[PDB]
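# Show me how the following folds:
(chains A, B, C, D, E, F, G and H, ligands or ions: 7)
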Amino acid sequence: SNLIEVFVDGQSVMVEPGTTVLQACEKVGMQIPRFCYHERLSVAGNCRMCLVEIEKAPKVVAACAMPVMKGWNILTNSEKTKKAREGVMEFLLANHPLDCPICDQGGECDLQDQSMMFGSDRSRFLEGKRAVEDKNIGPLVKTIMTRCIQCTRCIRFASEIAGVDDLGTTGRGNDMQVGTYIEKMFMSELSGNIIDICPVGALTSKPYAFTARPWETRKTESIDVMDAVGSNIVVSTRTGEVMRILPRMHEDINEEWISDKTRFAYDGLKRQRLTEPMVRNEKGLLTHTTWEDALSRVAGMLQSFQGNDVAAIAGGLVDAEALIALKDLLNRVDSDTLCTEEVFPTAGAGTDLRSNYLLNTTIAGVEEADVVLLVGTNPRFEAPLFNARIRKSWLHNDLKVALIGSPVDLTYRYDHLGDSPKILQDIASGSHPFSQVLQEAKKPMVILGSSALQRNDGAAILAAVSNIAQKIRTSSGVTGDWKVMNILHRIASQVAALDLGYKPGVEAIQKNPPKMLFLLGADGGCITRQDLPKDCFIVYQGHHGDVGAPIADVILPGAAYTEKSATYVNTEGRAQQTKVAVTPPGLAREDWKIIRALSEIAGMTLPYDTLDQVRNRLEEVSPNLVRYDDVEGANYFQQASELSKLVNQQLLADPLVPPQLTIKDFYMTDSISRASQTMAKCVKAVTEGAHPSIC
Amino acid sequence: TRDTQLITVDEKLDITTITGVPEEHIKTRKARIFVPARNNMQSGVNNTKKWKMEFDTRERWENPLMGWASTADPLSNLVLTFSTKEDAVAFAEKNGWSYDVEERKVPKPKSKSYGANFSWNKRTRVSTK
Amino acid sequence: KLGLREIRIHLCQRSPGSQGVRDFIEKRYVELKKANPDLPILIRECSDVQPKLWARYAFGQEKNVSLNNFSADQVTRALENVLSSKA
Amino acid sequence: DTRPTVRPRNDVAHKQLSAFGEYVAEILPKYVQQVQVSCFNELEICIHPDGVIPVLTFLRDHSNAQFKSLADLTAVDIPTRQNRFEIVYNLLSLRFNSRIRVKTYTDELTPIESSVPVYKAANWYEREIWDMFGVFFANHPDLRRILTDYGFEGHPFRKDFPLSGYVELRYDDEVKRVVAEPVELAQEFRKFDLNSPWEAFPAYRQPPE
Amino acid sequence: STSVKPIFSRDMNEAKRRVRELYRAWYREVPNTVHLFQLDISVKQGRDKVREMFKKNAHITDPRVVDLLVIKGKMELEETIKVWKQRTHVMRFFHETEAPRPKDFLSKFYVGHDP
Amino acid sequence: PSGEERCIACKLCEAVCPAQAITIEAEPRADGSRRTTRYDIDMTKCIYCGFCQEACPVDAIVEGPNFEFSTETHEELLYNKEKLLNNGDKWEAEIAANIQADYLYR
Amino acid sequence: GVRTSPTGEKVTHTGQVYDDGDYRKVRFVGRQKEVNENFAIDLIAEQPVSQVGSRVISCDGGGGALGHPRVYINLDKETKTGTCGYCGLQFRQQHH
Amino acid sequence: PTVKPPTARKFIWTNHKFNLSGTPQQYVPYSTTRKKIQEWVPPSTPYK
Ligand code: SF4
Ligand code: SF4
Ligand code: SF4
Ligand code: SF4
Ligand code: FES
Ligand SMILES: [K+]
Ligand SMILES: [Zn+2]
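Numbers count the residues shown, from 1 in each chain, chains lettered A, B, ... in the order given. Ligands and ions are numbered 1, 2, ... in the order given. Next up is the structure itself:
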């Protein structure tokens, strides 16, 4: 092949041309010191901490920016390499402040560890240090810029990953300062990530300030449920308390980033919590009771109703274990009215075929597409870590992106076809010039957000967009194994519910008003007591009392995503399971156990007693639900297209308008985020602006 | 060869009855075999080179006297280190525990060019340095 | 009521033992959905799964019929034994 | 060698112990699997467990070995290995003023031959290994628990044994007795993750994957 | 792969001879244990406890694991005979101060989160 | 000397305590300072080894010269931040002098 | 200073006070609740802001090796005082 | 102290107190932290 041979301390290694000296050392297990180099940002080469000797060369080379020439012997542990790391570490620490005891980065600081692994053990600096004035860049990131080492990782990330050119270097020389120059807030959906990529404590989390130290935390690897992307996270806990949320690397989902809601909405888990069962007293007020009493009331009512009189609505954060258990319980009273708050068209194949409601191209598949079409979606806020993937392809693959919807800033320049859905018909025929771009495209990609399917013409829009994906995947010009049609979900429990057989939307409840309603975490306000028979019996099971608890007759406390081992299916059909970080607060119990307990009291005991047995049931209903971290390909797009043409609905004249036009609509979308005091500060910060940090 | 007069035993290794562990902590547990994820706050990768076996998290409550974190789980601080996944699975099955295995996640190789920072006709040109 | 409430079809996307069900879906599913517009027919495809046809009747009663190595015509006959008997 | 803060290196002893390591291997090829000398001049002989008595007897009785004192006998639990245990013998030679280490291995179910016939000192050391690790020694005069409580279940020094155990004792007034109940801690032991994510010693790096 | 040094027995027939021999030794020693230790239980209770302990390990089919159980059980008998154990140790097999934990799903559901 | 607490909740004493006798929790104070809301020493776990005062970067935690504080109950030896501050306000006149006579050996 | 909730229990400097219905108050019946009356937040606020004629000032806490690690404080910002992160002392620039 | 008086500070006790164990003025431990999890208070209005 074209591989060239280089030696790392005498060990041969075959590397592709363009590989760097730093990357060649990774191939043999050696990690070069670094402060400025990040594997996902541009190469800066300005910290000079990666200098490595090359044999038979008098000059040290920046290992992060030097391509490997053939036949080079990289000396990673010579006297010259080790004397270069001591000098650079000595210059980094000359003006650095003695803030380690009062610095939140202590214990997990790259400057500390690389000072104790590659630097000297004392200082010969006999002068006064520099002092820089702190800067305010929002309510999330605390800045102490005396600790900055001018590595420019935040500058590159803000410009490349986030597409925001707000940070930069002002001045020159020793007085070079990183900041926004003017009083400005770096409020972005990916703003919290500059905390992680900052090797020093210059950028730190403000909510997390001073609460813990790295060594005393316990790391639980779990899944984020604030959206349908399924970002992998680490839940740091200490003495039975959630302290912070961190990204967990997953190349195919979220890289090593997470959105602000995922990172900072955890503090809503500590407010407005349901800790005890409640029933309505004789005065009409909710009063604390016991599990025995609370479940007897619900079992008594459940046994007296059956058929189309017991119905349930599934919320946006429910897990697969609870969804299957509730469906089984209701099916034992001859009830099929299992509904979800999120609407999805049922015409044609409906939910029969998975490919009709999945992101069939996969998130990582956006990097091989050459044209992407977005229909009526603001992916920046609905799926912040799916918009970052688009920008990466828009930045490295020269991707062409077109949007049919409202002109919302996506952090990258796109082509605006308009806003009326009728444009979808022009593209499907040939009138619109953009129709030619899709035919010439080798690997086109069409995305229809589930927010556009909330309109009354969702059936028409889905049919129209799927029609475009049909006139592009069958006509010669596209590789056989490339999916075109895609749906971008925004609710963590949607794909799992549709896989099990839940009816999408609350339409079934509005034509058969039931006399007993289960609100399983439903806090969207889709159904209220104005749409139900008088004296209807409403049972709310959940972890927050936001909108469903105050109208419920029985409140059954449940567990949050950080308090159970639960299965969520992200927008691409990938099943992933959370892990228990802390147990539910008070008398709250695992959600699927409440239904299992209720079934036993009502005389309809479900055939599973343990989590492993409930997941065996999930394998029966849909086998893909127990294939963790695996994406199962869905096929039969042709069948969906045929069944969609049987009924011809018309598109409403109203233009497509995403529910989230600006970032102030992004910080609050569920019970947990609306109960968070950090998201409340973020909303106040992006409307009222920033109209005391020392340590 | 050996002269210890060996015998043939054909059955899966099982020592649950001789380890002395109580019954409730062999059957209700769930051991997670995984390679720890990088601490995103740092760049070092030396903590992501060995497999670990941690058990499921049980209840921690608040001590009524001093507010400390009390526990009734004897295996709440039990972390084992293994050189390979098969070594970890073998130990779990030997002690009778139920286990879930997470396959290792390795960063994918990436093409990094410093010359792309200054591109004639590409979006990789950087506006600042 | 003793009627049928749901049909679930499990099959693999590549295994030769699931070719019959795939042949059934490619040509016959569109017709069987138009004749049963209000019957949910779930088609869940995994990798390396023995084909099966689940049938959930009223009050949670479920029966499954193995479809392993079936031809495209046996699968058609298997469904008719479910959509007609209504047991 | 004039550096104040660096331990001086003795290369004369390193040479002598390496020569005696080959000497042992040449005489006992049937059991000796590996021989090594550490940078601090300590010699280790790694043997097949069937050679415990032959190897120890040679080192005790041979004229050029005369390892007549058993300084210590102990086990190490390494769960990653098939033979998780590692029986370590430290011998002292008064005649030649030298020390040697003999190492073998065994799993939970495989017996190890008792060293009492060679060293009477091994009588109590092997009870400790059985008590704290669960390694059975064949042909032992009286093999019993020596350190744990009577009726104690489990072998504490195994890596999978919890630090605080599974039982705790208190005096119960109802039965006028000291009773054992499942362990509960008013303050749980706090587990610290102290390992630095940056390699400390390149010289000990392992081949990738 | 399957060749391994035995402890005492070469097969289950040889290992079950030691198990029955151990049961006889324990069966004959309960009357003295209830006497020397002044236990407030009867011989029937003690001999039923011995039977219970043997029955717990009735599913074993490995001659090496059975040998360890007999070796461990023989050590327990030695301590009881020689009065190395005290009344507290003998009575620890009965768990007289522990409230009976629930076994069914509903009872466990009410009192906590454990399976 | 101002009366401000010396502890800035760095938790070095908590990390080095051989007996895990120290428990600390901290948050931003009303004025923004880094201060502890909990500082508990279980005087029945402590081995009186002095590591905590060797690890403190600001001489906040010290072992005083008092050795007569026997109690009639196990609870009186589970000190919290209020008990430890009172000890400081109580023995400061002596603690400050002992440090003065020894800080040039540390 | 030391406050008192409606029930009469003194509030500590960390804001801790048992509620009316909290049974844990029983531990103080026949005894006292130990509260330190020298609130640090109050005392540090009594210290005057020192005027210094330079952009950057350094604080070691007083006493040299008996203080805290020597940090440097920037006084460029004219709308607030510079505060030491260890001891809380405040500094200002002489007429800017 | 009559020759080398101690340094005076305004937070130091002016009245020394001896061992108060076993008396009404003894030290009783308690948690100095505030409640971590806030519960949900149902509305007072009876609805319906
Ligand atoms: S960034 Fe913070 S922890 Fe790291 S060396 Fe600087 S002061 Fe210390
Ligand atoms: S603030 Fe942090 S990330 Fe930005 S240049 Fe300074 S050290 Fe680098
Ligand atoms: S003196 Fe006591 S509190 Fe301080 S480190 Fe030692 S054991 Fe811990
Ligand atoms: S007492 Fe000292 S070492 Fe302990 S947390 Fe406070 S400042 Fe850190
Ligand atoms: S890592 Fe190469 S110069 Fe910064
Ligand atoms: K940082
Ligand atoms: Zn100061």
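# Not counting its neighbours along the chain, what's nearest the residue of chain H found nearest ligand 3?
Ligand 3 sits closest to residue H:29 of chain H, with a gap of 15.8 Å, by Cβ to the nearest ligand atom. All C-beta spots, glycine's among them, are computed from the backbone N, C-alpha and C. Among residues not flanking residue H:29 along the chain, residue F:78 sits closest, at 4.4 Å (Cβ to Cβ, 6 or more residues apart in numbering or on different chains).
# next one: residue A:306
Counting by Cβ to Cβ, 6+ apart, residue A:333 is the residue found nearest to residue A:306 once chain neighbours are left out, at 4.2 Å.
# The residue of chain H closest to ligand 3 contacts residue F:75, doesn't it?
Yes. With contacts counted by Cβ atoms under 8 Å, residue H:29 reaches residue F:75, the gap being 5.5 Å.
# more neighbours, the two?
Taking other Cβ atoms under 10 Å in any protein chain shown, residue H:29 and residue F:75 do not tie; residue H:29 has more neighbours (22 against 16).
# before we move on, the earlier item: got the phi/psi numbers for the residue nearest to residue H:29?
Main-chain dihedrals, residue F:78, degrees, to the nearest 10: phi -100, psi 80.
# What separation do you get for it and residue A:602?
As judged by Cβ to Cβ, to the nearest Å, residue F:78 and residue A:602 stand 48 Å apart.
# who has more neighbours, these two?
Taking neighbours as other Cβ under 10 Å, residue F:78 and residue A:602 compare with residue F:78 leading, 25 against 19.
# Find residues that contact each of residue H:29 and residue F:75.
Residues touching both residue H:29 and residue F:75 (Cβ atoms under 8 Å, 6 or more residues apart in numbering or on different chains): residue B:65.
# Let me see the contact set for the spatially most central residue of chain H.
Central residue check for chain H by Cα atoms, centre = their mean: the C-alpha nearest the mean position is that of residue H:32, 7.6 Å away. When contacts are counted by Cβ under 8 Å, 6+ apart, residue H:32 touches F:37, F:38, F:39, F:40, F:80, F:81, F:82, G:12, G:14, G:16.
# Chain neighbours aside, what residue packs nearest to the fourth one?
Counting by Cβ to Cβ, 6+ apart, the nearest residue to residue F:40 once its immediate chain neighbours are dropped is residue F:23, at 4.3 Å.
# measure the residue nearest to residue H:29 to chain G for me?
12 Å (Cβ to the nearest Cβ, to the nearest Å).
# who touches that residue in this structure?
Residues in contact with residue F:78 (Cβ under 8 Å, 6+ apart) are B:65, B:66, F:40, F:42, F:43, F:44, H:29.
# Grab the two from those that are most spread out in space.
Distances among these were taken as Cβ to Cβ; the most separated pair is B:65 and F:43, at 13.9 Å.
# Can you name the residue of chain H nearest to ligand 6?
Here chain H gets closest to ligand 6 at one residue, residue H:36, 25.6 Å apart by Cβ to the ion.
# now chain D
Closest point on chain D to ligand 6, by Cβ to the ion, is residue D:197, at 14.5 Å.
# I'd like to know how many residues surround residue A:614.
Neighbourhood size, residue A:614 [other Cβ under 10 Å]: 24.
# what's residue 38 in contact with, if anything?
Here I'm looking at chain A. A:153, A:156, A:157, A:197, B:43.
# not quite, I wanted chain H
If you count contacts by Cβ under 8 Å, 6+ apart, residue H:38 has them with A:270, A:271, A:272, A:273.
# That one and ligand 7: what is the separation?
For residue H:38, the distance to ligand 7 (Cβ to the ion, to the nearest Å) stands at 36 Å.
# ditto for residue B:91
53 Å.
# So residue C:25 belongs to a helix, correct?
Yes. When DSSP: H, G, I helix; E, B strand; the rest coil is applied, residue C:25 is found to be in a helix.
# Wait, it touches residue C:10, no?
No. If you go by Cβ under 8 Å, residue C:25 and residue C:10 don't touch, sitting 11.8 Å apart.
# give me the element the residue nearest to residue A:306 is part of.
Taking DSSP states H and E as the definition, residue A:333 sits outside all helices and strands.
# ok, residue 40 - contacts?
As the question left the chain open, I've gone with chain A. Contacts for residue A:40 (Cβ under 8 Å, 6+ apart) come out as A:161, A:255, A:256, B:110.
# Switch to chain B, please.
By Cβ under 8 Å, 6+ apart, the residues touching residue B:40 are A:196, A:234, A:246, A:247, A:248, A:249, A:256.
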